[PDB]
Amino acid sequence: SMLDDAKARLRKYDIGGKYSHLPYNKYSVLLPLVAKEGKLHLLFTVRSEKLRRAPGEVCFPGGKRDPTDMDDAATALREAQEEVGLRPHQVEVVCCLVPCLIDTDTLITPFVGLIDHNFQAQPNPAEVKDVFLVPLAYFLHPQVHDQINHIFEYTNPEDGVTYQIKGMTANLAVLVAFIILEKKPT
Ligand SMILES: O=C1CC=CN1c1ccccc1-c1ccc(F)cc1
């Protein structure tokens with residue numbers, strides 16, 4: 001099936017806990033895959049203008065590991081619950097992708113999660129200004145604007161609202177699209 005095929009592809013790229021004990025400042029992100037209208041989508045947040053890190057930016061759900069977290073996947077799931085109301089029973093963590101090194105002392109670990117079809121986001125306005133889906137296939141043929149660095153513009157056909165996706169967030173979205181969608185019969 002579509003979902004079984006996605007998880008099987010993703011598992012081939014799982015690094016697991018190989019980099020997880022290294023002594024960095026540690027953050028995790030959740031890359032949430034949602035099946036709608038017979039296609040896979042990624043779920044994105046727009047961060048509230050209030051925040052420390054990256055006010056008003058498009059980001060995946062995530063944040064800093066705390067002492068309660070059993071592991072880096074727990075961090076991603078805790079933060080996703082706080083931001084959008086995603087509960088544990090509503091997500092299956094499929095794999096851990098290549099981590100992202102930043103600022104010489106920080107390591108951000110991304111986890112891909114399959115999201116239950118009955119989940120409905122409840123944006124927490126202290127954390128997130130907006131939540132939106134993008135079809136995964138978009139990232140194979142994005143609308144690119146050079147700002148010199150590349151920026152994706154996605155317009156939601158439901159309402160005509162345009163979002164800018166950039167940086168680590170854009171990079172990870174492309175990676176997931178390649179992993180899941182490359183070399184598929186029509
Ligand atoms: O500012 C950005 C842009 C993308 C990753 N960062 C970071 C830069 C440094 C430390 C942490 C983050 C981070 C931000 C949001 C999040 F959900 C998880 C990690």
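First listed ligand is number 1; within each ligand, the first listed atom is number 1. Residue numbers start at 1 and run along the sequence shown.
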Protein contact to [atom] [nearest heavy atom, distance to 0.1 Å]:
atom                    : answer
atom 6 (N) of ligand 1  : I108 CD1, 4.2 Å
atom 8 (C) of ligand 1  : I102 CD1, 3.2 Å
atom 18 (C) of ligand 1 : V29 CG1, 3.7 Å
atom 3 (C) of ligand 1  : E57 OE1, 4.3 Å
atom 4 (C) of ligand 1  : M168 CE, 3.7 Å

Option with minimal heavy-atom separation from atom 10 (C) of ligand 1, where the choices are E83, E79, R53: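 Ranked by closest heavy atom to atom 10 (C) of ligand 1, first place is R53.
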
Run the numbers for me: atoms of ligand 1, each under 4.0 Å from some heavy atom of [X], listed by number.
X   : answer
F60 : 17 (F)
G63 : 17 (F), 18 (C)
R47 : 15 (C), 17 (F)
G62 : 17 (F)

Kindly indicate whether the side chain of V134, heavy atoms from C-beta on, has any atom under 4.5 Å from the side chain of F139.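 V134 vs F139: side chains touch.
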
Heavy-atom check, side chain of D72 versus side chain of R65, under 4.5 Å: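 A side-chain contact under 4.5 Å exists here.
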
For ligand 1, which part of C59 has a heavy atom less than 4.0 Å away: the side chain, the backbone, both, or neither?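 Within the 4.0 Å criterion, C59 contacts ligand 1 through side-chain atoms alone.
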
Can you confirm whether the side chains of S28 and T109 place a donor and an acceptor under 3.5 Å from each other?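 Checked: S28/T109 side chains show no N/O donor-acceptor pair below 3.5 Å.
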
Between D5 and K184, is the closest basic N to carboxylate O distance under 4.0 Å?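 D5 and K184: not salt-bridged.
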
Test side-chain contact (heavy atoms from CB on, under 4.5 Å) on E79 and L30; report intermediate values, then the result. CA-CA 9 Å; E79 290 282 342; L30 181 70; over 6 Å; no

Check the orientation of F132 and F44. Use parallel for under 30°, tilted for 30 to 60°, and perpendicular for over 60°.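 Judged by the thresholds at 30° and 60°, the geometry between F132 and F44 is parallel.
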
Exam field: side chain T45 to backbone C59, donor-acceptor pair closer than 3.5 Å: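 Yes.
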
Any chain of hydrophobic side-chain contacts (each under 4.5 Å) joining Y154 to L136?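 Both belong to a single hydrophobic cluster.
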
